Amino acid sequence: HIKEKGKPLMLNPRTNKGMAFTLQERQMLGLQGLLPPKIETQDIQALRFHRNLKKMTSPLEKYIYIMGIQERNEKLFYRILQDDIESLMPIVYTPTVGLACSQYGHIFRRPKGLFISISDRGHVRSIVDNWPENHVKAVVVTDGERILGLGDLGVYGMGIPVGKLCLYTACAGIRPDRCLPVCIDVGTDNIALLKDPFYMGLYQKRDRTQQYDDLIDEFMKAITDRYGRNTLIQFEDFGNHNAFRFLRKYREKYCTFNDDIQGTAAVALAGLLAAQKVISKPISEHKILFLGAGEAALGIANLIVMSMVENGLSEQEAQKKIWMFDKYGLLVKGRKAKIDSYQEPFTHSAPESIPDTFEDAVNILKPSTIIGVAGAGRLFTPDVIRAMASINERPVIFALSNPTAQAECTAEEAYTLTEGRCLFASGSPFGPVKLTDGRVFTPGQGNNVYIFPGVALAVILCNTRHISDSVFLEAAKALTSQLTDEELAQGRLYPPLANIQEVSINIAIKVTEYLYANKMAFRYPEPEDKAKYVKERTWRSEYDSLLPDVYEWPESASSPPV
Amino acid sequence: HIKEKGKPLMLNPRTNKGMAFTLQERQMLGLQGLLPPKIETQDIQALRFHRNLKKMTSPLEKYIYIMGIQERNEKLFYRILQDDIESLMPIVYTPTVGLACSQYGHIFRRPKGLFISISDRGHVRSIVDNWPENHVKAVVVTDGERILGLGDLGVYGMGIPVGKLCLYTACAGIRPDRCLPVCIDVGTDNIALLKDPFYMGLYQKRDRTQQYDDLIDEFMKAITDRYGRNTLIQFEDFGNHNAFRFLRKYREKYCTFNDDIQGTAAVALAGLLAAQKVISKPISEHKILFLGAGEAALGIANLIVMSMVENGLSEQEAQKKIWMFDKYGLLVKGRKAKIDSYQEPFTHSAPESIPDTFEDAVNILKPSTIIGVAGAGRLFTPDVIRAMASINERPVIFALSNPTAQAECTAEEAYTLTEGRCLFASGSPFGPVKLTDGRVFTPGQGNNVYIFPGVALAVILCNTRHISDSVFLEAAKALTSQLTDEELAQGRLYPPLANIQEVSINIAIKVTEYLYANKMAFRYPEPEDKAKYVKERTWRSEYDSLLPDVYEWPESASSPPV
Amino acid sequence: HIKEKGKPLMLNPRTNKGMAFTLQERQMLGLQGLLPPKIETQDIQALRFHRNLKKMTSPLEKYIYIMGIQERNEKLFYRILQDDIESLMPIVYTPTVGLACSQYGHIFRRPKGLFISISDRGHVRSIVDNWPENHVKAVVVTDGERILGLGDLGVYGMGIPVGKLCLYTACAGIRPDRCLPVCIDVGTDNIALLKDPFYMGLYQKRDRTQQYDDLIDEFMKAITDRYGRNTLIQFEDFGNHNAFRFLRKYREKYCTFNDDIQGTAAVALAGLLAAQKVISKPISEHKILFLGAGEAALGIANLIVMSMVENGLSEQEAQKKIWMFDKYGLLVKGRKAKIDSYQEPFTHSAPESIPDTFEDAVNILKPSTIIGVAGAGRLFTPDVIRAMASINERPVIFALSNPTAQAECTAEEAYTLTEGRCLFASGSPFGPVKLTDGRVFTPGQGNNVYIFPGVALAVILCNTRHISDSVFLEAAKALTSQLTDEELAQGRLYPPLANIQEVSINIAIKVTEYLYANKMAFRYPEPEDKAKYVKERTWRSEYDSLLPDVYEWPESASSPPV
Ligand SMILES: NC(=O)c1ccc[n+]([C@@H]2O[C@H](COP(=O)([O-])OP(=O)(O)OC[C@H]3O[C@@H](n4cnc5c(N)ncnc54)[C@H](O)[C@@H]3O)[C@@H](O)[C@H]2O)c1
Ligand SMILES: NC(=O)c1ccc[n+]([C@@H]2O[C@H](COP(=O)([O-])OP(=O)(O)OC[C@H]3O[C@@H](n4cnc5c(N)ncnc54)[C@H](O)[C@@H]3O)[C@@H](O)[C@H]2O)c1
Ligand SMILES: NC(=O)c1ccc[n+]([C@@H]2O[C@H](COP(=O)([O-])OP(=O)(O)OC[C@H]3O[C@@H](n4cnc5c(N)ncnc54)[C@H](O)[C@@H]3O)[C@@H](O)[C@H]2O)c1
C-alpha cells in the first residue's frame, strides 16, 4: 500500500525510482512532466552511476557521490552497492567514512538518525518518538569518541552508524526501514572542534560523570520501550572502556553484541580454523601466544577455548594452550603485576626463563600461533617474525589491531622475513606481497563485515533477545565452511569479499539453525528448512511496480429505471 | 508518533478528541479557533452523549446517533459503549444492526471496510491492498445472505461486520485499527433490492457456481498474504450451508471459528455446567435429547461429549447419553431415513416404542435436558413442556434458536407450564416471568457475545493459527466459573451482561492459559502469568496526551566567535 | 499557515531552516532529535557555507555545491546568493550553468520544472496540471537548442531556466514559488547525445515541422489557462530564429519579452546614455554605425531611435543617424542584395564611396559610435579600432556579441590601439586593462541581469499583459540614472554588479511608474507611491518564525456541576 502520489512519490527515497518509473505509472501517479522523457531500467541507472563513479579518483569524492545517490534513491543505492561491493565497502564504511566525518562533517541533506544530547536527559523518549519509522529492528549507536584512526569527533561521528547500517542492508539484506542510526553526543574532547564556531554539537567536554551512564540507560530503555525488547542495539565507535563496560552491562537485559570483542573473536577463530585446514595439525595441537591481555584478547581466547572444547578437548587443557603477554609481561602465576578475574583462566605456572620481552617469550614458549591485539603499534618486531619462522615450519601470525598504523606488523615484513610459509592475517587491508623467488602471497584480511551482517540478520529474523558467545563460534564455523578446497590450496584464510552478500546469508542460515536448536529463537512456528526461511525475508533491491490494477468489470444486469 | 497537525488531526477519528483537546495542545497543534472555546474531559463528553441518547426512544435513532459518534471520535464512542454496554449491545449489534441495514442501508459517511464483488475476481489482492491499515488481526466477513431475522440483504449486510467488530473492542479490548470488516457481494436474491434503482450493489442474483468458491478462496489467500497466516477471519451472516462448509474447509489452513457452531456450543455448554451446579446431579448423570440434527446440534453435542469425557466418563458412554431428534424422526440404528457420517456417533439402538413425534420421544426417553436448535419455530409444544416438568423434578430446557420468532419456546410458557422449577435458557432475549404464586424468574440469555470477544482476544494475543474444538470447552468452563454462589442460588445460568467487559477478559485469560499449555500459541517468550499478560495489551479508551515535550536545555558553553 | 510537522517540515526546502530552528520550535514541531543539538542563526549558516565555498577552486564544483544548498534550504540559498552576488552570478547563471549542463547533465535531486516532450503533444495541459504550485507568475522556457557557448544540449538545457530563475529571486525578489522552469524537448541535433545510452531525453533529431509550432502554441495556451493571461513567459536559449519568430508571434497575445532582442537593446541604450553623460555631446549628436543587420541590431536601433525622439528629435531625423552594415555590405538604397521590411527605416541614400568592407565604411561614414552585434567573431579588426580612434576624440565601441569567443573585439585591443579615450562596453566579461602609461581602464560589462529582473518584477507586480518596447526604454533610463557623478568621472557606463539587488529594485520602480502612467498596469487600486509599493512585495530571505502561539487564557467562570 503506497499512499503517495505525484511529486511526494519522487521526494521519498524509499518509493523513488527516477526514470525507472514506467510511462503508464508516470501518467497514473501524476509524475508525467516532472521527470525527463526517457524511460530507463535499473540496469541503465546502475551503469550510469557506475561509470560516473569510475571517473572519480579520490575515495572521498566517491563517498559524497554515493551518499547523494542514497539520499535520492535507496533501491538504486543498494543495487550499486551490491554490484561492486568489494570496491565500495572501503568507501561506504571504514576507512573513508571516518575521513568524510572528519573533513566534510555532516554531508547529509536528509535527516538520517537521531541526535540525543546530554541536554536532553530525562526526555529521551520524546526524541525517540520523533522518529517516523514504527518498526526498527537494528539500532547502531555512536558516541563519536573513538573513530577508527581519527579519534574524538563528537557529533560528526554520526556518519559512522549510517555507513555501517548500509552494510547491514548491502550484505545481509536487512530492510533499510528497520535501521536507526543514533548519535549520543555528550560533548567532545577535540579542542579543534571546541574552538571553531561551526561545530555542530555541544561545546562542552565529554561528560564522564554518572549523567552519561544515566543517559545511556535511559536511551536503551526508550528504544526498547518503543520498539521492543528484542531490538538489536550495537554500540559503534564508543570509547574503548565505555564500549567494553556497556557490553558487559547490557549483554543480559538487551540484544547487543560488539564488533571489537565478539566480531573480532569470530573472525580470528575463522582464520584459525582455515589455517588448521591449510596446515596438517588441528587447532587443539596449536599453542597460542597472545600479544595483549585486554578484553578483545580475552574474547578471542575464550572463543578459541570453546572451539577447542567442542572438538573433544577438556576446558582446562584447552586454556593451558593459550598464553597471554601483557604490557607488564607474560601472565604467570605469582607475578607482582596485578591480574584480575578474567585473566585468571589464562594465568599459568611460570616457565623457567620467565621472559621479560615479547621476543624472549616467543623463544621460550615455542608457540605455533601468534596473535597481536594489543593495539600499541609495531610490536611484532622483525626478531619476533624470524623467531616464529625458525621455531615453526608454518607459523600462524595474526595482526588484528587496526588501523594499519596500529597493526602489530605488516604483510610485507611477515611474508619476507619468512620464506612465505607463514599464514598471515590482519584486520587492516594490505597489498599482495611479491618476493624475489617470484611467488605472490595475498594476506587474508580479517574484515569485521564477514560476521556482523549475517549474525545481525539471523538475530533479527529469529527474534533473539540475548546474543550468546557460542553464536559467534557458530558464525566462525560458518565463515570457515565457505572456503573451497582450491582456496585453501592457494592459502586463503577467508572467503573473498566480492561475494560477501552470499557469505553473510550462509552465515545467517547456520546461526539461525543454531538459535532454533538451542531455544534462543522466539519466532514461531519454527521453519522446517532455515535456508529457505532466511532467503525469502532478505531485502531485494529490485524495483516494485507501483502500477494501479486497472481492469474491466464483466457486464452485469442494467440498473432499473426510477 | 503522531504525524498530523491542525485540522487533519480533528478529521481522524483515531486522533480526534473534540473538546478534550487541552488548551496547550490546542495551541501547539494548530487547533485553536477550530474548536469551541470550552475545554472538556471525556467524562463530560460521555455524559452529554448519554443524556442525548436517553432522550431518544427508538432503537434505530439510537443506532444512527451512536454510529455518528463512532465516525467522529472513536475513543469516545468506545467509552460510551463500555459505560452502558448492556443497553447498547442490542443497539450496536443484533437486533438493531439488522434493522439499520434493512431500512437505512448504508448510514456510514466514512469508508469502514472493504467491498469485494464477484466482478473483482482475479484482482482481490489489489482491493485488499487498498486498505490503509497495515496490521489487522481480526477480519469479519459477510455475504449479506442470511441476516438474522431479515434474510438476504446483499451489500446492505456490510453493517453487520462493522457492528460486530465494535463488540470486539467494546468487550475484549481489541484495537480498532486491527479490525477489518469485509462484504463479499455476489449479488442478491432479494427481488425488492433487485427492483429499486438505488440499491448499492450488483443487480444480479447470487452467484452459486464455482466462481463464488474461487472468490472466497482468493479472498482468504489475499487477506493472509497481506496480513499473515494467523489473521483471525470470521464468516458472519453467510448462508447457513455456505458458512458450515466454509468452516469445514478453512478450519485447518486458516484461523477461523464460527459463532453459530462453536460459539453457540460453548454458550450452551456453559449453561449446562451452570445448571449442573444449580441442580445436584452433574452433567454426566444427565440424558440429553436434542431437537434437530444439524451441524449446530452436532457441535453442541460434541462439546458436551468432550466435557463429559474430561470428567472421567468414557467417550462411547458419553455419546450414549445424547439423543438427537431429526425432522424425519429420532436418530436410531436401522431407520429408513438417511444418516450421514457425522450423526453416526449419536445414532443409537432404537427404543421399544420408536417414537414418531417429539412429544412421544420425550415421553419414551425420559430425558433430563432438552435442547432445541432446529430453528423451525415453536416446536417445543406445551405438551412437551408439561411432559418435561412431569418426568423431571427440575428440567433443563434450552431454546437456542434465534431470533425470537424462531425460538423453540418462549420463557413465559416454559416457566408457566412448569411451576418454575425449569432452568430455561434461550438465545433470544426474553422479559422476566412473574407467576400468580408471586415469584419472578429471569431466563438466562445465551448471548454469543459471552464467548467470541474473549476467545478472539486470546487467539489474537497468542498468535494462534488453528482454533481447535477444546478452546471453546475451556471458554465454556471459564464462562461458568464467572458465576458466584449467590447467582447460582438465584438460578442464573450466565453472568450478567453488564460486566461482559470483565467476563470476556477472564475468558481470554483461561483460553490463553490453555493455548500455551497445549502448544497452540506462537507468541514467545511465554508470559509467566497470563492474566497480567492479557490485561496490559487490551485497548484502553482513555485519551492519550498529544502534547509535545517542551523543556529547557541546561546552559552550556557559549559558541566561539568567528 | 504551515500544515507540516516533524520530518516533512525539514524535507521541504521552502520551510526547512536546518539548525536555525530554535529550540522551542524544534520541540513543538517534532524536530527534536532529528537535528544536531546546536542552535544556529542564518548568519552562522551563511558564513559556514561561504567559507566552504571559498575553499573550492573550480566554478563547476561551486555550482554543484550551491545548487545542493538550494535543494536543501532555499532561504539560505538565496541569502548566500545575495550576500556575494557579483561572484556567484557567474556560477549560478552563465557561463557556469552551461558547463554544468554540458558535463554533469542533470545534477538536481529534486524535480524543479516541467519536461514537455513532442511525444506529449495534445496532452500538455495534463503535464502542466502535474505541477504542484498553483500560483506561478514567471515561466522560463528552454529548448536546449542554443546554449550560450555550448550549442545544442537537448534535455540537458533544463538547467538554464533554473539558474535564470534564481536570478529572478536573487536580484528582483520574485517569490521562488511563483517561478516555473520548463524544458520543451523535441529531440536534439547533438550526435554525441544521440549516441550515448545515458542521454536523458528523446533520441530523435529536432522536430522542425509544424508539430513543433503546434506544441509551443499548446504549451502557451496550457500555461495561461492554468495560471492566467498575465503570466510572464520567457523563451530562454531557444534557437535564434525560433526565439525571434516566437517573440513576434506571441508578443501581442501573451506577456513575453526577449533578453537577446529587448534586454540587450535596453542595456546598450543605457550604456549609450552613460556615454553621452561621460562625453559632452548628447545621443542625438552621435552617428551610429551598426555591425550586423539582424533583429537584435534592429531592436537596439529602434530603442536608440525612440530615445532620440523623446529628446526632441524627429523620427526620420533620428533614423537617419543610424547606419547598419550587413554581411553583404552597407544597407543603402538600390543595392542588389535583398532588404526586408524591418531594415527599410535604416536603408539610406548611398554615400559616394559605397564601401565594401567594414573598415572602409568606418572611414567613409565617420561614425562616432560603433556597435557590433553580428556575432560572427573578431570583426572589429585593429584597423577598425585605429580608424575609430583617429576619427573621434572619444570613440564609443560596443561589442555586444557573446560569448567572449564571438565578441567583435576584446577590451585589451580596444583600450590599447586607442590611447584609452574609447568608451568600450561588451556583453562578455573582460579583465581590467593596464597600459604602459600606467592608467587602468575597466571595461563596462553590458550584463543582461541589469534589465530582466527589474523589468520582470515590475511586470509581475503591475499585472501587465503586454510588455511594450518603451518599457525597456524606461528601464534603460532607470539603469543609467543609477550611476553617480564620480562613477561617470571614472568612466563607468554601468552600475557595479555588487549592488544589482538594489539597482533592479530601482529599475522596477521606474517601470512601475511608467506602466501605471500609460495604463498598461491592471493591478488596482493604483499605489500612491510606487517605491513603497514595490519594496514591500519583494521576497525576503529572512527566516519566518514557525512557533505556534501559546498563551494562557484569562480565568473565567467555573463550569457548573452536572
Ligand atoms: N510495502 C511494505 O512496506 C511492506 C510490504 C510487505 C510486508 N511488509 C512488512 O512485512 C512485515 C511482515 O512481517 P513478518 O510476518 O514477515 O515477520 P517474520 O515472521 O517473517 O520475521 C520475524 C521478524 O523479523 C522481521 N524481519 C523480517 N524480515 C526482515 C528483514 N528483511 N529485515 C529486517 N527485519 C526483518 C520481521 O519484521 C519480524 O519482526 C510487516 O511488518 C510489514 O510491515 C511491508
Ligand atoms: N500510537 C500507536 O499507534 C502505537 C503505540 C504503541 C504501540 N503500538 C503498536 O504496538 C504494537 C506492539 O506489538 P507487541 O510487541 O506489543 O505484540 P505482543 O507481543 O504484545 O502480542 C502479540 C500479537 O498480538 C497483537 N496485539 C497485541 N495487542 C493487541 C490488541 N489490544 N488488539 C489487537 N491485537 C493486539 C500484536 O499486534 C501482536 O501481533 C506495534 O505494532 C505497534 O504498531 C502502536
Ligand atoms: N506563507 C505564505 O505562503 C504566504 C503568506 C502571505 C501571503 N502569501 C501570498 O500573498 C499573496 C497575496 O497577494 P497580493 O494581494 O499581495 O498581490 P498584490 O496585489 O500585492 O500584487 C499583484 C500581483 O503580483 C503578485 N506578487 C506579489 N508579490 C510578488 C512577489 N514578491 N513575487 C512574485 N509575485 C508577486 C501577486 O501574487 C499578485 O498576483 C497570496 O496569494 C498569498 O498566497 C503567501
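Whatever order the structure lists them in is the order used to number ligands and atoms, beginning at 1. Residue numbering restarts at 1 for every chain, and letters A, B, ... go by the order of the sequence lines. Quick note: numbers below take in every heavy atom, side chains included, and nothing from hydrogens, waters or symmetry partners.
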Can you tell which part of B:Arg523 has a heavy atom less than 4.0 Å from ligand 2: side chain, backbone, both or neither?
->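 Side chain only.
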Backbone, side chain, both or neither: what part of B:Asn463 comes under 4.0 angstrom of ligand 2, heavy atoms only?
->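 Side chain only.
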Identity and distance of the protein heavy atom lying nearest atom 27 (C) of ligand 3 |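 The answer is C:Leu461 CD2, 3.6 Å.
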Which heavy atom of the protein is the closest neighbour of atom 1 (N) of ligand 3, given with residue, atom name and distance?
->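 Residue, atom and distance for the closest contact: C:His1 N, 4.8 Å.
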For side chain to side chain donor-acceptor pair (under 3.5 Å), just list the numbers for A:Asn16 and A:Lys75, CA-CA rounded to whole Å, side-chain angles, deciding distance to a tenth of an Å, and then say yes or no.
-> CA-CA 8 Å; A:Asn16 188 21; A:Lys75 289 263 189 62; over 6 Å; no
Can you check whether B:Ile460 has an N/O within less than 3.5 Å of an N/O in ligand 2?
->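 Yes.
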Going by heavy atoms, is C:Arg178 under 4.0 Å from ligand 3?
->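 Yes, C:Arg178 has heavy atoms under 4.0 Å from ligand 3.
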Any N/O pair C:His135/ligand 3 closer than 3.5 Å |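 In fact, backbone or side chain, C:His135 has no N or O that close.
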C:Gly173 neighbourhood, listing ligand 3 atoms whose heavy-atom distance to it stays under 4.0 Å |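 The atoms of ligand 3 under 4.0 Å from a heavy atom of C:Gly173 are 31 (N).
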Nearest to atom 44 (C) of ligand 2 by heavy atom, B:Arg175, B:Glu536, B:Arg537: which?
->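 Ranked by closest heavy atom to atom 44 (C) of ligand 2, first place is B:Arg175.
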Please report the shortest heavy-atom distance between A:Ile509 and A:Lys535, naming the atom on each side.
->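 A:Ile509 and A:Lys535 have their closest heavy atoms at CD1-CE, 4.1 Å.
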Look up atom 33 (C) of ligand 3 and tell me if a protein heavy atom lies less than 4.0 Å from it?
->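 Yes, at least one protein heavy atom sits under 4.0 Å from atom 33 (C) of ligand 3.
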